[PDB]
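Q: Questions regarding the structure given below will be posed in turn.
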Amino acid sequence: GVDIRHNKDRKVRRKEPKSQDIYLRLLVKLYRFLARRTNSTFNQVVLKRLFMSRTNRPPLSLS
Amino acid sequence: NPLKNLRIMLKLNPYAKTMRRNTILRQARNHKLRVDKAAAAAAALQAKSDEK
Amino acid sequence: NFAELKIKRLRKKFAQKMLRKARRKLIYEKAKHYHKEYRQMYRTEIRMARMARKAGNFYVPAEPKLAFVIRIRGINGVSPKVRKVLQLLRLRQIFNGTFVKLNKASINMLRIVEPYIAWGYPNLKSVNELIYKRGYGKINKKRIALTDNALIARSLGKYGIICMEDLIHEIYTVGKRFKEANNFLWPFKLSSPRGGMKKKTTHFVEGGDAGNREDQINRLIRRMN
Amino acid sequence: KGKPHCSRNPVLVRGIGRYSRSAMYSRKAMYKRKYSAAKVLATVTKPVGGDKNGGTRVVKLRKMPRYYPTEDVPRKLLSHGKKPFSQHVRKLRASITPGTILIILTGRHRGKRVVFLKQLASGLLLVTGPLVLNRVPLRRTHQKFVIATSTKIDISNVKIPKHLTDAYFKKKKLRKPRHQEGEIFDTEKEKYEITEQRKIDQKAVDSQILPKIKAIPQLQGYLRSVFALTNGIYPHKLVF
RNA sequence: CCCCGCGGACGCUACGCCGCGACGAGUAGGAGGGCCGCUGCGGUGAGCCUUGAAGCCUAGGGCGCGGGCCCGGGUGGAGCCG
RNA sequence: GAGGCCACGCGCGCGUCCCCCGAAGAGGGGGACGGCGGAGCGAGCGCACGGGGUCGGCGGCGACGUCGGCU
RNA sequence: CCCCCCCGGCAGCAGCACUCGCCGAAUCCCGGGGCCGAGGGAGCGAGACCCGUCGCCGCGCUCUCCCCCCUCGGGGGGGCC
Ligand SMILES: [Mg+2]
Ligand SMILES: [Mg+2]
Ligand SMILES: [Mg+2]
Ligand SMILES: [Mg+2]
Ligand SMILES: [Mg+2]
Ligand SMILES: [Mg+2]
Ligand SMILES: [Mg+2]
Ligand SMILES: [Mg+2]
Ligand SMILES: [Mg+2]
């Protein structure tokens, strides 16, 4: 036996969109490739935002 | 395992070959000296007993 | 351009081979220099004790600065303070081993977990046996076996440690970068002591196994891995 | 090109040479042997012959496959060892020297005492407890399944024929050409026949081993008897 | 400038495939997955079926960690399943 | 001056140190070290304690009696 | 028999006369028994074509020349400044 604690082993985060929108899934595929095959941290942030729920993607006003 | 596999040890520590070679050469030299020294003692023991 | 690109790849491959050749010669010569250093330290303690006895005095050796700590009790029913200190020693399992740099702060930690550990002062052989047979590196949070020198150099080369010999030299002679080199090593997963223990529930000086056995930790280590 | 030389680096332990890198550099005279700078026809042209057939034909060798299986197996990785059996080093126990009396433990010659002659290329021992003594011909045996006794005869300066090899003793088979389904019994030739050559070889070796057996008293009686375990005796206390 | 050869395995249901490391007790309770199961509806299988459906029986052959499932034999006699 | 070790081995020029004569202790002639200086390339066989097993080793037995089936 | 000698000499030496230790950069060689064999496209090279005998690591010989010792060209050695 090992003296460790297993309550935080599984990190709770979005690994994919919960949506079934096939157009969202296609450009998730595109940004999954660009995040992996580039060093751009911009593509990483955009990819994880594509996974997010609607409440985590609030609208942006023009102003 | 190193310490059991010679080439694996030489991959991690190339100087282990010359230490091992020096040890094997040294131990053979020391063993030969102790053998010849002991034979001389027996030869002197035989000479001092059968000197006539 | 087929001829020119062949020349480029040959020059690049030959340059990389020379760099590997030069790095191997450095590794060879550092181990030769470490071997000189080890025997100088070993002979010096003998020489210092001899001149003291010649004058009728006493030569008190330097207090040992390196300890090997082995956890000997299990994980059931452990008090919270002992449980915390064992985690800070990276001993979360029974028969786990870790090198510990000895000072006032670390020794007072060893006194708290005293019924739970057996420790002592490893010699040069014990360090070599531990690193070579059971040495695993914490590389990218993964337990990677130390099968190639490039695994040490990529993680510890910025500290000057680039080979197994450099790692052993830093552990044995507690160097400037002992903390980095020691934490790089995954804590040693040793077997049960072949031949058994005396008594794990009492101190070593009272016929058991717990506590600080001074240099008899090497006898334990030979049976343990 | 130049004539090959011996290793010039004596082995002292397997994997370690006696001389170092610089010592072997000077032994090889590498200081003056310094060098800086300076197929198979797949297709064949054949005259096809015949009027207005063109001149010739560019006939290629190893035509492409007519058929492909629906799926294949990936090739293996590489193992840097695992030599074939013919290239294995053959090990022999120190108690088995030419002329040693051995005890067979398996086979129809179970328990018989035979004379060891030589180890063959496969590591199988060649023995002949002489046929006039215990009916053991020139026959191969495995060193793992014999007991080497202490008694020996000096079979030096005897001439074991050179054709006595592993190929000589390898078993021969008949079945099964020109026959697919068994409706007429193919039990013929099941009688193994002793070749005249095997009888000649048996006579040749035994003619020069037997006088050396008779040289020491009642060894032939020892070779005629078989080994057995009496109820009082235990193999771990026995000196062989 | 490839060419005496005109040639060169597999893959990548990307909700897929592959690699490495650590770990695995569990009541009350929570969550995920279920190509587990039942009934009915929209689609789909140019699906199955009196040359034998459902159901039932079976010292028959198997698959799955499991829930369960497939196939053989018998009985049955008109429907059934992915 | 009658042994052991070296993971020491191309030149040219530059530097540092040591040696000689040193006719200003100038100026040249020699050794050792160098991490210094603008200019491309070794190949060809093998053996293996070398990024997880192979044999380019072999034997016996098989139809109304036996062979295999951990279920 | 014990102690001190004015002082010892020789061998051996934690002894292969099994009295009493701690060790191995001051440590190497060899053998035996048991269990196991997971993985499966490693080719910067020819532009691969018989199934990549490949990478890292450790070595041997040749592209120099003399000898030495056995076999009858083959095998084993000394090197060669
Ligand atoms: Mg566990
Ligand atoms: Mg739990
Ligand atoms: Mg308890
Ligand atoms: Mg035991
Ligand atoms: Mg207690
Ligand atoms: Mg659980
Ligand atoms: Mg529950
Ligand atoms: Mg001794
Ligand atoms: Mg396999």
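Chain lettering (A, B, ...) mirrors the order of the structure tokens, residue numbering begins at 1 for each chain separately, and ligand numbering begins at 1 in order of display.
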Counting only C-alpha atoms (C1' of nucleotides) and all ligand atoms, name the residues that have an atom within 8 Å of an atom of ligand 6; the answer should be given as a list in words.
A: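 If we count only C-alpha atoms (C1' of nucleotides) and all ligand atoms, the neighbours of ligand 6 turn out to be residues 24, 25 and 26 of chain E.
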Q: Output the selection as a PDB file, in the first residue's frame - N, CA and C atoms (P, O5', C5', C4', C3', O3' and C1' of nucleotides) for each residue.
A:
ATOM      1  P     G E  24      -3.051   1.822  -5.250  1.00  0.00           P
ATOM      2  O5'   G E  24      -4.397   1.516  -6.031  1.00  0.00           O
ATOM      3  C5'   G E  24      -5.535   2.354  -5.893  1.00  0.00           C
ATOM      4  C4'   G E  24      -6.759   1.740  -6.525  1.00  0.00           C
ATOM      5  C3'   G E  24      -7.214   0.428  -5.905  1.00  0.00           C
ATOM      6  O3'   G E  24      -8.632   0.350  -5.957  1.00  0.00           O
ATOM      7  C1'   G E  24      -6.682   0.084  -8.187  1.00  0.00           C
ATOM      8  P     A E  25      -9.511   0.842  -4.710  1.00  0.00           P
ATOM      9  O5'   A E  25      -9.243  -0.258  -3.598  1.00  0.00           O
ATOM     10  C5'   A E  25      -9.596  -1.615  -3.802  1.00  0.00           C
ATOM     11  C4'   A E  25     -10.243  -2.188  -2.572  1.00  0.00           C
ATOM     12  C3'   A E  25     -11.666  -1.724  -2.317  1.00  0.00           C
ATOM     13  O3'   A E  25     -12.614  -2.522  -3.002  1.00  0.00           O
ATOM     14  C1'   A E  25     -10.385  -1.473  -0.348  1.00  0.00           C
ATOM     15  P     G E  26     -13.696  -1.869  -3.985  1.00  0.00           P
ATOM     16  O5'   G E  26     -14.819  -1.307  -3.019  1.00  0.00           O
ATOM     17  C5'   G E  26     -15.570  -2.177  -2.194  1.00  0.00           C
ATOM     18  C4'   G E  26     -16.027  -1.473  -0.948  1.00  0.00           C
ATOM     19  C3'   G E  26     -17.013  -0.338  -1.154  1.00  0.00           C
ATOM     20  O3'   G E  26     -18.341  -0.827  -1.241  1.00  0.00           O
ATOM     21  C1'   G E  26     -15.269   0.362   0.283  1.00  0.00           C
TER      22        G E  26
END
Q: Counting only C-alpha atoms (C1' of nucleotides), which residues from chain A have an atom at most 12 Å from any atom of chain E, and could you show them as a ChimeraX atom specification?
A: /A:1-6,9-10,15-18,20,22,25-26,28-30,32-33
Q: Taking into account only C-alpha atoms (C1' of nucleotides), which residue in the set F:27, F:50, F:57, F:3 is nearest to chain B?
A: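 Among F:27, F:50, F:57, F:3, it is F:50 that comes nearest to chain B.
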Q: Using only C-alpha atoms (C1' of nucleotides), determine which residues lie at most 8 Å from region 68-83 of chain C, disregarding the query and same-chain residues fewer than 6 positions distant; provide the list as a JSON list (two decimals) with C-alpha atoms, in the first residue's frame.
A:
[["chain", "number", "residue", "atom", "x", "y", "z"],
["A", 1, "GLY", "CA", 0.00, 0.00, 0.00],
["A", 2, "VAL", "CA", 1.02, 3.58, -0.72],
["A", 3, "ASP", "CA", 0.15, 6.66, 1.36],
["C", 91, "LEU", "CA", 8.61, 7.83, 1.81],
["C", 92, "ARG", "CA", 4.98, 6.98, 1.10],
["C", 93, "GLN", "CA", 5.50, 3.21, 0.94],
["C", 94, "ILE", "CA", 7.23, 0.59, 3.04],
["C", 95, "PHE", "CA", 10.83, -0.26, 2.08],
["C", 96, "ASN", "CA", 11.16, 2.97, 0.14],
["C", 97, "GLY", "CA", 14.55, 4.66, 0.26],
["C", 98, "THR", "CA", 15.74, 8.23, -0.12],
["C", 99, "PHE", "CA", 19.04, 10.02, 0.32],
["C", 100, "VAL", "CA", 18.83, 12.80, 2.90],
["C", 112, "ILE", "CA", 10.01, 12.44, 14.63],
["C", 113, "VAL", "CA", 9.68, 9.48, 12.27],
["C", 116, "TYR", "CA", 8.96, 4.30, 11.30],
["C", 117, "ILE", "CA", 12.36, 4.43, 9.56],
["C", 118, "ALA", "CA", 15.78, 2.83, 9.55],
["C", 119, "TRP", "CA", 18.62, 5.05, 8.41],
["C", 120, "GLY", "CA", 22.35, 5.44, 8.46],
["C", 121, "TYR", "CA", 25.42, 6.60, 6.58],
["C", 122, "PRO", "CA", 25.87, 5.01, 3.14],
["C", 200, "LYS", "CA", 10.88, -3.67, 13.26],
["C", 210, "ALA", "CA", 14.23, 1.29, 13.85],
["C", 217, "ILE", "CA", 22.80, 0.70, 6.94]]
Q: What do you get as a count of residues only if you pick all residues at most 12 Å from ligand 4, counting only C-alpha atoms (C1' of nucleotides) and all ligand atoms?
A: 6
Q: Could you list, as a ChimeraX atom specification, every residue within 9 Å of region 2-15 of chain B, counting only C-alpha atoms (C1' of nucleotides) and ignoring same-chain residues fewer than 6 positions away?
A: /C:24-25,27-32,129,132-133,146-149,163-165 /D:15 /F:7,49-50 /G:56-58
Q: Would you mind listing the residues within 10 Å of ligand 8, counting only C-alpha atoms (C1' of nucleotides) and all ligand atoms, as a PyMOL selection string?
A: chain G and resi 13-15
Q: For ligand 9, list the contacting residues at 8 Å or closer, counting only C-alpha atoms (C1' of nucleotides) and all ligand atoms, as an MDAnalysis selection string.
A: (chainID F and resid 53) or (chainID G and resid 37:40)
Q: So how far away is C1' of residue 78 (chain E) from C1' of residue 51 (chain E), in Å?
A: 15.6 Å
